Amino acid sequence: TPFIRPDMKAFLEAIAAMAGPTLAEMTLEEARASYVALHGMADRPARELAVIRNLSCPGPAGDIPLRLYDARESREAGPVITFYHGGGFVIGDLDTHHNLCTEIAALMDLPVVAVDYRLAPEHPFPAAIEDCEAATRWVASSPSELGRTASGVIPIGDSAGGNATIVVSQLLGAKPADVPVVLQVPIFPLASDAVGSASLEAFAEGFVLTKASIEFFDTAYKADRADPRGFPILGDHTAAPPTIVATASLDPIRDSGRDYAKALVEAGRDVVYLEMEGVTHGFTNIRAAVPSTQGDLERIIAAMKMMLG
Ligand SMILES: CCCCCC(=O)Oc1ccc([N+](=O)[O-])cc1
């Protein structure tokens, strides 16, 4: 069998005990609420921070809600992290990933702006990308409402948010914002299509993210398999910014992350590839229920500090 950490295994056994309906069998509101509840019970509590403020910026469909996290009430110009939550582009919001954002802000000592991007099925592909790109460009412009000056931006996100991370970096690479992407951090991202991958078959059931959920999200979002904004493995990697790709060894979409990191090396780009051993997809948000995942997040943080100099 594949290696599973004991604390990870205990969580998986509890999920199996819970049982219950699939995402597709729930109403959309129920599916979203179930994600809120899982992260509410599984993640470590929020860090206390000097600044936690709701903002918004203009976007192509209307205003995009944002949340700013900063350990400092005032700070000098520097890079700003721009965070896109996971949830298949269907579930998640500013609260499902709130505690993680406070942790990133506390441990990095950099401001974090999370994006409340439009969700499918109500807003299919590419709505999420439109909002993540717009909000990242907005942050990169150092607007007065932000109260911080950005010298560069650092896209980061988990799962669908890691897909968005890569797409945003490619879009800004092609048409720069007011400051560059100085580092991108796609965490267990969807980069290439997982269909047909060995990891999707190996981890299709019993590893938190299921093949059934992947198919549910896909039906809702409707990304075009030939569009690099849906599957950014298809994009131009020759000028990719410095990158940290973090995956999980038990992740059905693990191989998608492997593929992306291999493509960056193939294009001669600087990349840190970290594959956390014995944990699942979503490890960034289960840091109380599976305490060893706090250390996995701390390794990403250390890699980010190193890559930033
Ligand atoms: C209850 C399942 C939680 C998985 C939600 C999540 O952690 O965010 C994801 C985002 C995107 C994809 N995907 O594109 O396959 C999978 C997961």
# chains A, B, ... in the order shown; residues from 1 in each chain; ligands from 1
$ residues_near_ligand --ligand "ligand 1" --cutoff "8 Å" --atoms "only C-alpha atoms and all ligand atoms" --output "mmCIF file with C-alpha atoms, in the first residue's frame"
data_model
loop_
_atom_site.group_PDB
_atom_site.id
_atom_site.type_symbol
_atom_site.label_atom_id
_atom_site.label_comp_id
_atom_site.auth_asym_id
_atom_site.auth_seq_id
_atom_site.Cartn_x
_atom_site.Cartn_y
_atom_site.Cartn_z
ATOM 1 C CA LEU A 23 -21.056 16.697 -3.598
ATOM 2 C CA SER A 34 -19.936 21.097 3.857
ATOM 3 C CA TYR A 35 -16.594 22.621 2.823
ATOM 4 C CA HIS A 85 -8.684 29.689 -2.610
ATOM 5 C CA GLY A 86 -9.356 26.107 -3.626
ATOM 6 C CA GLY A 87 -12.704 24.404 -4.128
ATOM 7 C CA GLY A 88 -12.838 23.291 -7.748
ATOM 8 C CA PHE A 89 -14.012 26.777 -8.846
ATOM 9 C CA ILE A 91 -17.011 25.884 -3.553
ATOM 10 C CA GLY A 92 -14.918 27.799 -1.047
ATOM 11 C CA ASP A 158 -4.450 25.751 -3.448
ATOM 12 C CA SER A 159 -6.042 23.298 -5.919
ATOM 13 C CA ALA A 160 -8.280 25.340 -8.244
ATOM 14 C CA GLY A 161 -6.459 28.305 -6.678
ATOM 15 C CA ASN A 163 -4.583 26.457 -11.282
ATOM 16 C CA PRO A 189 -2.584 22.641 -8.564
ATOM 17 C CA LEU A 190 -4.498 21.425 -11.571
ATOM 18 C CA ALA A 194 -5.911 14.696 -14.586
ATOM 19 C CA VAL A 208 -10.416 13.381 0.754
ATOM 20 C CA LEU A 209 -10.460 14.694 -2.866
ATOM 21 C CA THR A 210 -12.279 12.004 -4.900
ATOM 22 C CA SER A 213 -15.708 15.450 -6.765
ATOM 23 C CA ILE A 214 -13.243 16.225 -9.575
ATOM 24 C CA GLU A 215 -15.938 15.272 -12.116
ATOM 25 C CA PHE A 217 -16.370 20.420 -10.368
ATOM 26 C CA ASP A 218 -15.498 19.823 -14.024
ATOM 27 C CA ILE A 253 -4.161 15.245 -9.144
ATOM 28 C CA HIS A 281 -4.849 16.930 -1.218
ATOM 29 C CA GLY A 282 -5.919 19.834 0.950
#
$ closest_atom_pairs --of "range 20-121 of chain A" --to "range 151-154 of chain A" --cutoff "8 Å" --atoms "only C-alpha atoms" --output "tab-separated table"
residue	atom	partner	partner_atom	distance
A:77	CA	A:151	CA	6.0
A:78	CA	A:151	CA	4.8
A:79	CA	A:152	CA	4.5
A:80	CA	A:153	CA	4.9
A:81	CA	A:154	CA	4.5
A:82	CA	A:154	CA	5.8
$ write_last_selection --atoms "N, CA, C and O atoms" --output "PDB file, in the first residue's frame"
ATOM      1  N   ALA A  77       7.080  49.616   1.015  1.00  0.00           N
ATOM      2  CA  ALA A  77       6.857  48.909  -0.233  1.00  0.00           C
ATOM      3  C   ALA A  77       7.588  47.569  -0.228  1.00  0.00           C
ATOM      4  O   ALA A  77       8.666  47.416   0.343  1.00  0.00           O
ATOM      5  N   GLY A  78       6.970  46.576  -0.866  1.00  0.00           N
ATOM      6  CA  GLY A  78       7.509  45.239  -0.929  1.00  0.00           C
ATOM      7  C   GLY A  78       6.536  44.355  -1.696  1.00  0.00           C
ATOM      8  O   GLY A  78       5.501  44.824  -2.177  1.00  0.00           O
ATOM      9  N   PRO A  79       6.834  43.076  -1.832  1.00  0.00           N
ATOM     10  CA  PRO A  79       5.905  42.201  -2.558  1.00  0.00           C
ATOM     11  C   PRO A  79       4.616  41.989  -1.774  1.00  0.00           C
ATOM     12  O   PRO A  79       4.583  42.047  -0.546  1.00  0.00           O
ATOM     13  N   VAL A  80       3.534  41.769  -2.514  1.00  0.00           N
ATOM     14  CA  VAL A  80       2.226  41.504  -1.925  1.00  0.00           C
ATOM     15  C   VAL A  80       1.777  40.142  -2.421  1.00  0.00           C
ATOM     16  O   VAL A  80       1.836  39.860  -3.625  1.00  0.00           O
ATOM     17  N   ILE A  81       1.346  39.289  -1.490  1.00  0.00           N
ATOM     18  CA  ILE A  81       0.820  37.986  -1.851  1.00  0.00           C
ATOM     19  C   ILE A  81      -0.637  38.120  -2.282  1.00  0.00           C
ATOM     20  O   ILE A  81      -1.434  38.814  -1.642  1.00  0.00           O
ATOM     21  N   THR A  82      -0.995  37.450  -3.376  1.00  0.00           N
ATOM     22  CA  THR A  82      -2.349  37.482  -3.928  1.00  0.00           C
ATOM     23  C   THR A  82      -2.815  36.035  -3.964  1.00  0.00           C
ATOM     24  O   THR A  82      -2.301  35.240  -4.751  1.00  0.00           O
TER      25      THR A  82
END
$ residues_around --residues "residue 133 in chain A" --least-positions-apart "6" --cutoff "8 Å" --atoms "only C-alpha atoms" --output "PyMOL selection string"
chain A and resi 168+171-172
$ atom_distance --atom1 "CA of residue 231 in chain A" --atom2 "CA of residue 193 in chain A"
6.6 Å
$ closest_residue --among "A:200, A:146, A:104, A:119" --to "residue 300 in chain A" --atoms "only C-alpha atoms"
A:104
